[PDB]
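The form deposited in one PDB entry is given below as one chain in structure tokens.
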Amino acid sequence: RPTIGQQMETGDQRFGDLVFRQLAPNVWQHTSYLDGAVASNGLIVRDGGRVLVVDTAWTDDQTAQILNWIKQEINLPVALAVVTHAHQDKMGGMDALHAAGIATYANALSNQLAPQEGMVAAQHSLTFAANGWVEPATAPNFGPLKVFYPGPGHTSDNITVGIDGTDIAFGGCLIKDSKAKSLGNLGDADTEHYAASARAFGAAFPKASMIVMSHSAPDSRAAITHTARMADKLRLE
């Protein structure tokens, strides 16, 4: 059974109970929902003759449906997935990736925290230099994916990804959009270092003009400065 895409008034395409949006010739945003209802975004990148995934959906079934979409619309093997912190929205579908033979990667800290956060750890751990950049030996054949740990923010373990050859960087749950009224789920957050991490993210990917994030539509760099400003407000109490 194929699924046909259900095009929307916004140009997203519905496929099952997921939404897919093309951001650039070789980059798509994937969106899944949990019940109110709550959107979570990740990315799919075509890199020559393989596909790379950033984040799962909330569930194994939704993540399986992402894999079906890739099979049906791109038709290339998924070489690896990178997940950006240890919460359900980002790591809730690991078993589906593992069932499909996909090699998975996460911050070593994300893997250490996963059992406590109710998550399945990834198979491989990314480690980071003191300047925040991924150690290249721990992220082999990541193609255009540039992984950067900006410091504690939304969580202690949150990491971020830039896409070489595009103007796209993925803030994950660290960044919120330019109209956001708060910083959201602050249960696991570092209120002291959040602002510095958000600015570190901006400095790490200075040529990114499209900032993709977990919980709203892509936004400009205004999301970065807006998030930092809200993070400062908070730190001063």
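Shifts are known only where both forms have a C-alpha. In this text, rigid core is short for the largest set of C-alphas that superpose within 1.5 Å between two forms. In this text, residue numbers run from 1 along the sequence as written.
As for the form deposited in another entry, it is not shown, yet the points below apply to it.
*Asks:* Relative to the superposed core, which single residue of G143, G165, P77, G118 shows a CA shift of 2 Å or more between this form and the one not shown?
*Replies:* Meeting the 2 Å or more criterion is only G118.
*Asks:* Against the shown form, C-alpha atoms of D61 and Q6 in that other deposited form: closer or farther, for a change of 3 Å or more?
*Replies:* Between the C-alphas of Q6 and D61, the gap widens in that other deposited form (3 Å or more compared with this form).
*Asks:* Out of closer and farther, which fits the Cα atoms of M8 and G162 in that other deposited form compared with this form, where the change is 3 Å or more?
*Replies:* Closer is correct, given that in that other deposited form the C-alpha spacing of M8 to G162 is reduced by at least 3 Å.
*Asks:* Using only residues present in both forms, find each stretch of at least 3 consecutive residues where all Cα shifts reach 2 Å or more between this form and the one not shown, with the core as the superposition reference, and list them in order along the sequence.
*Replies:* In sequence order, the runs that relocate between this form and the one not shown are 1-10, 116-118.
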